[PDB]
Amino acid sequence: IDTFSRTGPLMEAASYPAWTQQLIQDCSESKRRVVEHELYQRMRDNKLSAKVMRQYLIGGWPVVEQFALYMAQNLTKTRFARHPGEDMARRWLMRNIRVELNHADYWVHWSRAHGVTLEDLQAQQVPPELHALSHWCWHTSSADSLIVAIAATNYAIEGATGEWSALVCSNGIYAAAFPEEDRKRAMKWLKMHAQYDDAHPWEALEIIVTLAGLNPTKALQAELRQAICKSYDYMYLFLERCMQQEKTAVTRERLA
């Protein structure tokens, strides 16, 4: 019947089939270059220029603002009792849409701590490299199967985001640099996403595996791999463009 049911711990690759473990391996370099990106090492250390911090916060906003909408669009593809993976997806999406309730508000507060206003967020004056991620996310959510779109969003983006947010928070410098009275409100978005035991991406993976089963086609596996790597690669494109702006901003002041 090719039916998957997890036996081992949620948050261990070994609890999933060989093909899923292969998928993780095949996407690992694409993931690594995002979650260990120089931009995040610099942000961790409070080094980023005002220009780049502003571009980061504005550029990230559409994905943040629309994240529960990707989930909604995926929920719209599901039907009750059509497949055990589909029931799992339905329930999870209905629970996790609520989880995001205040997250866009937190991003607005984070932004305001760097002088980025709601008007700035809404204006979206940033380079096109920074918007590609949002366009991909809407396209997959709109047009692809649930399994692929969930892989692109709740697995790839949320998983990477747990890790980069943890890296930003990892040594206390960034947080301690905010004045005490501003810090809790400024840091809230980061703190909500940086939490060592984030079951969310593993829960997403479990849904994907249940949908796909023990023996998915090579074609389906390639579709998943390409969607996951596309999400990472658009995060990488965003980060590379920000670092080009960083090097210019910092060099200008060094030479002045």
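A residue's number is simply how far along the shown sequence it sits, counting from 1.
- The stretch with the higher mean CA B factor, choosing between 223 to 231 and 193 to 201, is 193 to 201.
- Remark: stretch with higher mean C-alpha B factor among 148 to 156 and 97 to 105 is 97 to 105.
- You'll see in the entry that, of 113, 173, 133, 167, the Cα B factor peaks at 113.
- Sorting the modelled residues of the chain by their CA temperature factor places residue 215 in the highest third.
- Residue 240: CA B factor lies in the lowest third for its chain, per the PDB record.
- In the deposited entry, the Cα temperature factor of residue 121 sits in the middle third of values across the chain's modelled residues.
- Among the modelled residues of the chain, residue 138 sits in the lowest third by CA temperature factor in this PDB entry.
- When the modelled residues of the chain are ordered by their C-alpha B factor, residue 81 lands in the highest third.
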